[PDB]
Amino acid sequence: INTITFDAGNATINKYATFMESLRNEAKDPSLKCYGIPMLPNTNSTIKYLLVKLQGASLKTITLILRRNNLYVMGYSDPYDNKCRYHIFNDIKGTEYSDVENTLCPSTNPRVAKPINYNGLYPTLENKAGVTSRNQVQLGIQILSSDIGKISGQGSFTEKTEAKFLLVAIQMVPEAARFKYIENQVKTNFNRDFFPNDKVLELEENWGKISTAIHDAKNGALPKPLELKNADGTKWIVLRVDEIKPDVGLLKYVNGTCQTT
């Protein structure tokens, strides 16, 4: 399967929806699903990485590389100085590392490294972005396009600029694929900058717990109450798969059989 592209400089809600549908369709294991929700593959599947090319209104691009099995961003590349410049997180090493480097920038064309001197965990990114919480960093289509312009092809840019771009891209691409609720936040705020609400953050932080609960659910009942948060930050108690299913687009891989429909 090849590169999925999203044009943030010429986007519409329908194009963003199509993009999410393509990302989910290529990331999901061809057959795993629980309660009708597609699940990502185990660590030894057919295709290991997905490339997602984002284009800004400047026409410049940034391509993210996602580990297909869990959708984490491994790094990104940008066309720079007539070379392919690859930026990989500092905890990616060995095989994986050279696999990421070569997938972003094939050894048959000019290339150059520009390390990401930190890892991709949210607290790390928030620290580099200079915020106590990513809910202080606005998301949005125009913001994504602008961040692409600030980095792509640029010989110089700060870690703060890069970490903010990463906070935006991670949440508008893989988190939105994982959660229809997040995709929907982008679609209902399509023409404006917006701060992610408490439910967005809570879903991002509990994807594994939510995926395990749905996978382990019997006749639609979660193993035990699942405590999350409503959009306004208040406590939300979920007892059944159907109460949370509307918000979920992809399940993290959970071993073993499950009620598939």
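In this text, residue numbers run from 1 along the sequence as written.
Engineer: Highest mean C-alpha temperature factor of the two stretches 101 to 109 and 129 to 137, which is it?
Structural biologist: It is 129 to 137 that shows the higher mean C-alpha B-factor.
Engineer: Averaging CA B factors per stretch from the PDB record, which one is higher: 221 to 229 or 53 to 61?
Structural biologist: It is 221 to 229.
Engineer: With respect to the C-alpha temperature factors reported in the PDB entry, which of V73, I92, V173, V186 ranks highest?
Structural biologist: Largest recorded C-alpha B-factor: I92.
Engineer: Check the PDB entry and point out which of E162, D78, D81, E96 has the largest C-alpha temperature factor.
Structural biologist: By C-alpha B-factor in the record, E96 ranks first.
Engineer: Pull the Cα B-factor of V248 out of the PDB entry and bin it into the chain's lowest, middle or highest third.
Structural biologist: Lowest third, going by the recorded CA B-factors of the chain.
Engineer: Which third of the chain holds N44 when residues are ordered by C-alpha B factor: lowest, middle or highest?
Structural biologist: For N44, the deposited C-alpha B-factor lands in the highest third.
Engineer: Please rank the C-alpha B-factors of the chain's modelled residues and tell me whether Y86 sits in the lowest, middle or highest third.
Structural biologist: Bottom third by C-alpha B-factor.
Engineer: If you rank the chain by CA B-factor, which third does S31 end up in: lowest, middle or highest?
Structural biologist: It belongs to the highest third of the chain when residues are ordered by C-alpha B-factor.
Engineer: Place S211 in the lowest, middle or highest third of its chain's C-alpha B-factors, as listed in the PDB entry.
Structural biologist: For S211, whose C-alpha B-factor we compare with every modelled residue in the chain, the answer is the lowest third.
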